[PDB]
Amino acid sequence: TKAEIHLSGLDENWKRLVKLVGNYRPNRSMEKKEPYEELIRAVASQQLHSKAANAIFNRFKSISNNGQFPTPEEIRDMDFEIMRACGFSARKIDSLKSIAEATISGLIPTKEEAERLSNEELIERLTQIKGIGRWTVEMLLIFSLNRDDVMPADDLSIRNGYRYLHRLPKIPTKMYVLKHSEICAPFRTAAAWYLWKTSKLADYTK
DNA sequence: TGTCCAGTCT
DNA sequence: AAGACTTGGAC
Ligand code: NA
């Protein structure tokens, strides 16, 4: 892709990381899903390591409508106890219900509608919902709406990516990631994907 | 027969 | 706002 080509040519560390990792093969498993579904997966993935986040999300998608993902109506109506059994905190359950209501109301738009809005508009609009921050919308931008120039600086694994990439002693700050990732445009979504891959390199040190 | 730590609101 | 909040892997 043009993204790997651009990223290889940045500096020595990048050219090297991109060769270590290989071709840009993004996970597109969410690209045909409705925004509320990806938003919920992002909520599940807040804070925890991926194995925990997936265990929680997989239990949730498994409690519904002929194997199908729970509809917004179902979620709004759903007993709190069974969402607590999935592993969602009290705060996160509330967020889930807010998401259900915002989807029913149209504050959270359909896929077709969301695709017309700018990154900036989605962030401002969606972070009105309690439980949804910038990072959460950025996951939506990346995993569901095919936005190619998104760097989630607040992401713990993105920062550990730069700790790796730049052979840093300690783990860098949001602002540091903000400063250094500018060179990655207009492909900072691919940059992020490479960064997220650092943790699985034989080279990786915790 | 346990501890710690891997976004968000307040 | 300094800390509570959830489950699971690494020990
Ligand atoms: Na918010």
Side-chain angles (χ1 to χ4, degrees), chain A residues 27 30 33 35-50 52-64 69-70 75-76 78 82-90 92-96 98-103 107-108 119-123 125-129 131-145 147 150-166 168-169 171-173 176-178 181 188-189 191-199 201-204:
Chain A
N27 184 159
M30 303 297 282
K33 294 326 213 325
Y36 86 97
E37 176 175 346
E38 162 52 34
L39 281 173
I40 288 167
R41 150 108 87 152
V43 167
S45 310
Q46 282 166 5
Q47 191 207 352
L48 273 23
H49 54 83
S50 58
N54 283 154
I56 291 162
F57 180 75
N58 289 333
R59 277 187 296 264
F60 187 77
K61 61 204 281 274
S62 296
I63 59 172
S64 167
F69 198 76
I75 293 165
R76 91 136 98 77
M78 190 184 287
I82 117 158
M83 303 187 72
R84 186 58 188 74
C86 293
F88 286 107
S89 73
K92 275 179 188 197
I93 287 179
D94 282 335
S95 298
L96 268 269
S98 300
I99 284 149
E101 290 280 2
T103 309
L107 175 61
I108 292 172
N119 295 173
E120 290 81 7
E121 169 72 10
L122 282 159
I123 287 163
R125 175 175 169 155
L126 301 184
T127 62
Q128 283 178 287
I129 303 158
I132 290 177
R134 185 179 181 99
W135 172 92
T136 293
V137 183
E138 284 170 334
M139 298 303 107
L140 173 77
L141 301 180
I142 293 174
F143 293 100
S144 161
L145 303 173
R147 299 299 162 92
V150 183
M151 175 73 61
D154 21 38
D155 188 284
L156 212 227
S157 296
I158 286 303
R159 324 224 308 284
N160 279 308
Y162 266 103
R163 196 189 51 151
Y164 175 93
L165 184 70
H166 291 185
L168 267 36
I171 174 169
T173 70
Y176 180 98
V177 171
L178 281 180
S181 54
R188 34 216 165 150
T189 294
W193 182 83
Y194 280 99
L195 268 342
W196 278 327
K197 287 299 189 196
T198 55
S199 72
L201 299 177
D203 205 333
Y204 196 76

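Proteins get letters first, then strands, A, B, ... in listed order; numbering begins at 1 in each.
Distances shown here put every side-chain N or O of A:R84 at or beyond 4.0 Å from the OP1 or OP2 atom of C:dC5. Under 4.0 angstrom from either OP1 or OP2 of B:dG7 there lies no side-chain N or O belonging to A:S45.
Summarising the geometry, the separation between CZ on A:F60 and P on C:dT6 is reported as 16 Å, rounded to the nearest angstrom. A:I158 has its CD1 atom 16 Å from the P atom of B:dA6, to the nearest Å. Note: CZ (A:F88) to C1' (C:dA4) measures 18 Å, nearest angstrom. Nucleotide C:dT6 holds its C1' atom 12 Å from the CG atom of A:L96, rounded to whole Å. Atom-to-atom, CD1 of A:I129 to P of B:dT8 comes out at 13 Å; the value is rounded to the nearest Å. Residue A:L126 contributes atom CG, which lies 19 Å from atom P of B:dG7 at whole-angstrom precision. At whole-Å resolution of the value, CZ in A:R134 and P in B:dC9 are 14 Å apart. One can place CG of A:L48 at 15 Å from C1' of C:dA10, the figure rounded to the nearest angstrom.
Under 3.5 Å, the side chain of A:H49 and the base of C:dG8 form at least one donor-acceptor pair of N or O atoms. With hydrogens and angles ignored, no donor-acceptor pair under 3.5 angstrom links the side chain of A:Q46 to the base of C:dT6.
Across the strands present, C:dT6 finds no partner; the criterion is a Watson-Crick or G-U wobble pair with both atom distances under 3.5 angstrom.
For the pair A:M151/A:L195, a side-chain contact is recorded, criterion being any heavy-atom separation below 4.5 Å from C-beta on.
Of the candidates B:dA6, C:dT7, B:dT8, the closest approach to any side-chain atom of A:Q47 belongs to B:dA6. Closest contact between the side chain of A:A52 and the listed nucleotides B:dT8, C:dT7, C:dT6 involves C:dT7.
In summary, the side chains of A:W193 and A:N27 do not present any donor paired with an acceptor at a separation below 3.5 Å, with no hydrogens or angles considered.
Here the closest heavy-atom approach between residue A:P172 and residue A:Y162 is recorded as CG-CB, 4.0 Å. Heavy-atom minimum distance, A:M83 versus A:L96: CE-CB, 3.6 Å.
Between A:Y164 and A:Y204, the ring planes lie parallel to each other; the angle is under 30°, not in the 30° to 60° tilted range.
Going from the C1' atom of C:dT6 to that of B:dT1 covers 23 Å, rounded to whole Å.
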